[PDB]
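Heads up, the thing below is written out as structure tokens.
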Protein chains: 2
Amino acid sequence: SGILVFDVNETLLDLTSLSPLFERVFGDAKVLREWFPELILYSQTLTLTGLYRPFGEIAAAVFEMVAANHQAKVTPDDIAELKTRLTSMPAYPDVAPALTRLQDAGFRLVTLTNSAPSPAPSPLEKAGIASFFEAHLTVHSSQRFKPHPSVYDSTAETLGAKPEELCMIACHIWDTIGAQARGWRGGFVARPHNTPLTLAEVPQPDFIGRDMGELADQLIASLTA
Amino acid sequence: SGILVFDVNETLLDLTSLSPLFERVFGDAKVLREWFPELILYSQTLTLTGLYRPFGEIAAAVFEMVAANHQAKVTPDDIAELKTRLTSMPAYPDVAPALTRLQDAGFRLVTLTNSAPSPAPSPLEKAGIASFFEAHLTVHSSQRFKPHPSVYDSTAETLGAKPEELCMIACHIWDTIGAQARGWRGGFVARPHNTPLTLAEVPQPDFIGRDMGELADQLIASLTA
């Protein structure tokens, strides 16, 4: 049927589980929606400038920067808590059922994350959904972050797959744009606080679902059309 | 003496002048600090994937996306207002004095912006500070945004200048990182809600000021130390 390549943080695992840390440190859970795009921004800046550091180190550095920007106090224990929550986000309840149906439909399932290879147990293992996937790939071998082309290309090469066989699944349009620019298909799942970007000559996702169930429905239905 | 290459939006011109629009549309002026990094994120995503649209178009599209993320209504009026405000930000009071001091100390002054060329009068002309600068450069001919190396390289090329003669000045650490990776110096001015990113292996700015006056102190001091 094809190979479905899933983004992990926010797409499969619930980023809003971090909200209490932001509520406490900043007095405002909404700062999550400042910090996260700043993290992605700086990951792309390092990539563009020829620098690489593991994603989690950037996450901590950006948390400290955002703290400083809000004049909010941060301790070594706050950073520890950030690590704890970021590496242990629970799976949305729509995930295990959707992955089950995609497997039943004959799709091969893979993950691809900006996060560095993790000591066991990984975030996916802690969430109890790691075993759905035949491979768990990361940006390690590319030393560059999404949406750099090397990331998708090295993934395709690793899987022995052509672009036409692959579909990148994410709640981040930057990730689907990245994959589609390399000739993959893109499937967008509309997690809270994520919507597509409508901009001329920027590719729109091939599939859109309001949640993982609906996206899976569309992926499965497109097999019979 | 050297050439000082200034970022424009937020660095020289006051981005908080947009706050009332965010207050009206979102009920919360602080959404400025979610939209702006999303805008920079998407500018770098387009650059990484080989796509280009003018910065203002991205700004509008990201405004619409952030609005949708907040379930906030957006009208054509709001979009025209964003355009008007983004092209009419006033100069901070500290700018003209700092530029006068730097010019009188013998520095050559240039601007470099992600923003596309405008018809006259430019935002810098309207703000009354365009005359300090010998050149006004943009990423538009490069069709790539900061911090892509092409931006800084094509700038040095246009000026007929060597990297050792150039210093990038910005309140955005992504911009200084971009320039320093090309062997320019970097000068950071700490505009409200901007602070440096402390990350191993990523160069710190050569010069740091809490305002343009303090940064100019440091630049001027470096001439005879």
Side-chain angles (χ1 to χ4, degrees), chain A residues 28 30-53 57-58 60-62 64-71 144-152 172-175 177-182 190 192-203, chain B residues 28 30-53 57-58 60-62 64-71 144-152 172-175 177-182 190 192-203:
Chain A
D28 182 5
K30 296 192 306 304
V31 174
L32 172 64
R33 302 300 177 184
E34 170 180 355
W35 168 79
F36 190 75
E38 297 267 9
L39 167 56
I40 299 311
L41 189 170
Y42 281 99
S43 76
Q44 288 173 34
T45 285
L46 298 186
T47 298
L48 277 167
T49 63
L51 297 164
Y52 180 82
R53 299 299 311 180
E57 294 182 27
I58 305 175
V62 170
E64 287 150 12
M65 184 193 74
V66 174
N69 291 340
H70 277 259
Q71 295 173 316
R144 284 169 169 166
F145 289 103
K146 301 162 167 188
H148 193 285
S150 291
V151 178
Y152 306 101
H172 306 118
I173 205 77
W174 47 264
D175 204 354
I177 289 166
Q180 287 176 239
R182 309 313 292 173
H193 220 94
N194 299 272
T195 338
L197 177 78
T198 314
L199 182 64
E201 76 195 81
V202 166
Chain B
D28 180 7
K30 296 188 315 299
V31 174
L32 174 65
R33 306 296 179 182
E34 173 188 348
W35 164 88
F36 187 74
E38 292 279 359
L39 167 55
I40 302 304
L41 186 171
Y42 283 97
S43 79
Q44 291 176 25
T45 284
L46 297 188
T47 297
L48 282 160
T49 59
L51 301 161
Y52 178 83
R53 301 294 309 175
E57 274 181 37
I58 306 163
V62 172
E64 292 152 7
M65 180 193 71
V66 172
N69 293 336
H70 279 256
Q71 302 188 105
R144 287 166 167 172
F145 294 99
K146 302 153 164 190
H148 192 286
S150 287
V151 171
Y152 308 97
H172 303 124
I173 205 77
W174 45 265
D175 210 346
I177 289 162
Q180 292 180 245
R182 309 315 303 157
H193 221 98
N194 300 277
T195 59
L197 178 87
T198 319
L199 192 57
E201 263 220 321
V202 183

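So you know, we letter chains A, B, ... as the sequences are listed, proteins then strands, and number each from 1. Every heavy atom of this structure was used, including side-chain atoms; hydrogens, water molecules and symmetry mates were not.
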Heavy-atom proximity to chain A below 4.5 Å, by part of [X]:
| X | answer |
| --- | --- |
| B:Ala181 | side chain |
| B:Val62 | both |
| B:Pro192 | neither |
| B:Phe36 | neither |
| B:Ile58 | both |

Which atoms of [X] come close to chain B, meaning under 4.5 Å heavy atom to heavy atom: side chain ones, backbone ones, both, or neither?
| X | answer |
| --- | --- |
| A:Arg53 | side chain |
| A:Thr195 | both |
| A:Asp28 | side chain |

Describe, in one word, how the ring planes of A:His193 and B:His70 are oriented to each other, choosing from parallel (under 30°), tilted (30 to 60°) and perpendicular (over 60°). perpendicular

Going by heavy atoms in the side chains, are [X] and [Y] under 4.5 Å from each other?
| X | Y | value |
| --- | --- | --- |
| A:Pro147 | A:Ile177 | no |
| A:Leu199 | B:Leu46 | yes |
| B:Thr198 | A:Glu64 | no |
| B:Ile173 | A:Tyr42 | yes |

Looking at B:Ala200, B:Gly50, B:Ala190, which makes the most heavy-atom pairs under 4.5 Å with chain A? B:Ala200

Quick check on the interface: out of A:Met65, A:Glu57, A:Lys30, who has the most heavy-atom pairs with chain B under 4.5 Å?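 Among the listed options, the one with the most contacts to chain B is A:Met65.
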
Taking everything shown except A:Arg144 itself, do over 12 heavy atoms lie less than 6.0 Å from its CZ? no

Residues A:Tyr152, A:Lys146; criterion side chain to side chain contact (heavy atoms under 4.5 Å, CB included); working and verdict: CA-CA 8 Å; A:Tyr152 306 101; A:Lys146 301 162 167 188; 3.6 Å; yes

